[PDB]
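So that you can tell them apart, the chains are marked A, B and C in the order they are listed, and the count of residues begins at 1 in each.
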Amino acid sequence: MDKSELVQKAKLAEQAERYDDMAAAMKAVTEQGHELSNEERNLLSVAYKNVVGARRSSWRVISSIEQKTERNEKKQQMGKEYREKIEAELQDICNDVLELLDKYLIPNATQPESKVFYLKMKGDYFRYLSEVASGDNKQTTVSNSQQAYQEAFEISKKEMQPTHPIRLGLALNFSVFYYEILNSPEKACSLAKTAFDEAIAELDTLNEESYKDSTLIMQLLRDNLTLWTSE
Amino acid sequence: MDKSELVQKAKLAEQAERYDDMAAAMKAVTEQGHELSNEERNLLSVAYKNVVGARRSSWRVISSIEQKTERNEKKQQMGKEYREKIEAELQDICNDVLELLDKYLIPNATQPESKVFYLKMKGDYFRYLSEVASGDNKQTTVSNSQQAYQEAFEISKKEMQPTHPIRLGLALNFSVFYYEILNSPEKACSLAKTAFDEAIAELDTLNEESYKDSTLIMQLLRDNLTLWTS
Amino acid sequence: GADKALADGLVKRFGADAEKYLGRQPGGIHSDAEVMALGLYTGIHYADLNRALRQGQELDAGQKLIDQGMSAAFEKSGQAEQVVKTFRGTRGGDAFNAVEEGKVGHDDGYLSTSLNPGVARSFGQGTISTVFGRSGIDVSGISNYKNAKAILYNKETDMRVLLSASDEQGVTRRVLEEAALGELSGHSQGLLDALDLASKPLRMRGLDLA
């Protein structure tokens, strides 16, 4: 199939909320070895956000039930198995999407805006792996999440505006990586403060294309900061 | 696989909203050839309601776009193909369901409450087939939907209370079958009126706490009626 | 005729002070009465005029012409083509102080804003606002002291507070949007969704009631 045909099916599958077909269409478009247009990049990212996100919810649900239901050697084994079936899928969704980043998306990306977007996205899918990962494997997926975020962060500081929705978006997910995964609210806040402080200082750097986009992400930062620093 | 293990996975998959696994678990429980308990019957019915319903939405969604964007012959062809891919899925879910009804569910069901519930369901999944079906095949799926509903309806009148949530439930879907599928509002309102006016006439027997289940379904019937007479 | 009456009025009551702005927009979307009023305003009258409008007192004979002359200009103009990022700073409080984030409100006087982020600072470090609009008039053609390059928004022109936040310096930093640009405006198509941000976003049982 043609690049345009796959993107039409990918746009179609989204409305139908058939995010599994939407993901397969965009995976094929990516495997063509060409740098994705802003629309293509957005279609790929929402498809996998939804596919992976669906199992992240199901996982948290079953993990919640695993703890609430604790009496039978068999009933608990039924839960462990179902939790493990969902972990298996999460790992495979993250593997397809992380392999797309390494093989095509990150190497082919030439503009800084895109090179940051995909490097932020690399940390995101490693963070999802970290949530379910255990011991030595968790150590590996946490190390990789921090590295991908940090690499994107240095690039966002050099080649990007403090009010860019991409720079702000990375700053919100990395601060959430420290607070949730590394369980360091001190590290979490420190990052969220800087990202916000730099943005409030240069609101003259807002884009007329994405101003409402930036204020939204800026609110989310300012909210987590005041929530994490409240007793 | 143990009957209890499958039902535990089926209950688990529901909370996780993994209705495809929830459907597979209950399909296996049904294929054991034993009459399903009220809980098992309800778990099977919601699993497939959700699986089939998901493609019914996706189908209506693509179909709306199909006619609104007849601009390009290739972009339109993308539409036709995707509509047809979903029609395939719809047909296969309704085939899975109706095969379970014919082979196990309807033959094995012994109480009247059971034999009406499944015969109403047989009508529902034929109606879903009718929505996407074309010509000679549509004629067949409409004929089968009406027959399954009518068979259940005669049984519901003989062996059931006019206020039973199952009898009211069938009356709800059959009147919707006439209005949507056969496009006869006259036939639809006639059925909905009778089912309601028989239920208002004999509600004086409040089923202790079950007079919330029936009142809800009675509303949906009364509400469709007042909407159709526009 | 009506424009001639208002033009005749502004000169009869302001002389050369008004007459000095005649023919400053040789393009000419606006009338002579409209160009003059805007210039008289942009120059020095923005002080007293917005003082009277905000305080809700009776306008004087001269003020009244500058006002009706500016209103005339905002009609003719209307919603332009592209969104305009302009900045406006105040010494202390702004009328948008009571407007809660997300909700809308307006400054009872005209809203003079600049294209320069530096000349907006020049007017105060109490509140520093960034304004995105489309129904603003570029009076930079008529008056342009300190190279203000002003873009004026109408009196009682409704604005949505998109972000109101404070500096470690104390200065409250706001972002206002012209209400009439909508909800849809200001976003890059599905960017927010693709960013996959780390933040949170009637039947009973099995009977398939349809």
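Odds and ends about this structure:
Criterion: a residue touches a chain if its C-beta (ideal position, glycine included) is under 8 Å from a C-beta of that chain, and two chains touch if they have at least 3 such contacts.
With chains as nodes and touching pairs as edges, the resulting graph is complete, every pair of chains being joined. Counting C-beta pairs in contact, the pair that comes out ahead of the other among A-B and A-C is A-C. Centre-to-centre spacing of chain B and chain C amounts to 58 Å, using the average Cα coordinate of each chain.
Measuring from the averaged C-alpha position of chain A to that of chain C gives a distance of 39 Å. Residue positions of chain B touching 2 or more other chains: there are none.
Shared interface positions of chain C, defined as residues touching 2 or more other chains, are absent.
By the touch rule above, chain C contacts chain A in their complex via residues 82-85, 87, 101, 117, 128, 130, 132, 162-163, 165-168, 173, 175, 177, 185-199. Contacts from chain B toward chain A in the complex involve residues 5, 8-9, 12-13, 15-18, 57-58, 61-62, 65, 74-75, 78-79, 81-82, 86.
If you check the complex, the residues on chain C that touch chain B are 204-210. If you check the complex, the residues on chain B that touch chain C are 41-46, 49, 53, 121, 124, 165-166, 169, 172-173, 176, 213, 216-217, 220.
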